[PDB]
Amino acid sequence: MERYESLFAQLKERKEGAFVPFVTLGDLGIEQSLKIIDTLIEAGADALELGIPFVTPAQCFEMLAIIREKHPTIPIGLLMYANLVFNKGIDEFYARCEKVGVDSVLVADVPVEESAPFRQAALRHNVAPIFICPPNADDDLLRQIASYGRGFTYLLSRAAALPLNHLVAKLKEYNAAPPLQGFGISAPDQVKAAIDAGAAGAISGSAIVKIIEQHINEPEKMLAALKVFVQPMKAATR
């Protein structure tokens, strides 16, 4: 299945960009985590990028399974570190992702030059291998990233760096998967600027979501609190 392919096609028909929140797992229990994720989706998230920081990883996969069960169409991407993959085998890790329904995997600490085993395991298990594209990527790197990646291309957060328009223009020229500008933390105007420069959307972490995740246990209060921050981010993609 190709959840990213379908999401991006649906977004274009609407001249919309994608807003993808990044949330790290491991802090609170399954129930609270599931509430936060459920609320972000109801609040307007087009896709999800979930991190398993450098709650056990096994429980995080049970959470991914529960999310997939409740939201069959939303693209779910995982961001993790190599040590986790090595723990029980590369092929085994990607088999587990395929099993639970993970759409993409970004191994954060693996340089593109040493990515072959990870990307091949991904392809063999119908999981999109995600690559990070730096601001100052030369023509070669861009051709490689466009060639190896699937799902979407992760643009590293800004802060010689090529202007967003150029980098995106080139990636599109080399048939790379849709570029999503990464942020870590961002404002609506920054998301709008990324999309105006041609990005397919944005992936951003957030201090507020983490604060709400803790401190707020009521579903209704959580939804009200998140809408205040998520709605303007999604409105910046239209």
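Sequential numbering from 1, following the sequence displayed.
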Unmodelled deposited residues between residue 54 and residue 55, binned
10 or more
Look up the CA B-factors in the entry and say which stretch, 165-173 or 40-48, has the higher mean.
165-173
Where do the C-alpha atoms have the higher mean temperature factor in this entry, in 139-147 or in 73-81?
139-147
Looking at 216, 9, 20, 23, which has the biggest Cα B factor in the entry?
216
Going by the recorded CA B-factors, say which third of the chain residue 106 sits in, lowest, middle or highest.
lowest
How does residue 184 rank on Cα B-factor within its chain, lowest, middle or highest third?
middle
For residue 178, return the chain-relative third of its C-alpha B-factor as stated in the PDB record: lowest, middle or highest.
middle
Lowest, middle or highest third: where is residue 208 by Cα B-factor in its chain?
middle
Split into thirds by Cα B-factor across the chain's modelled residues, where does residue 67 land: lowest, middle or highest?
lowest
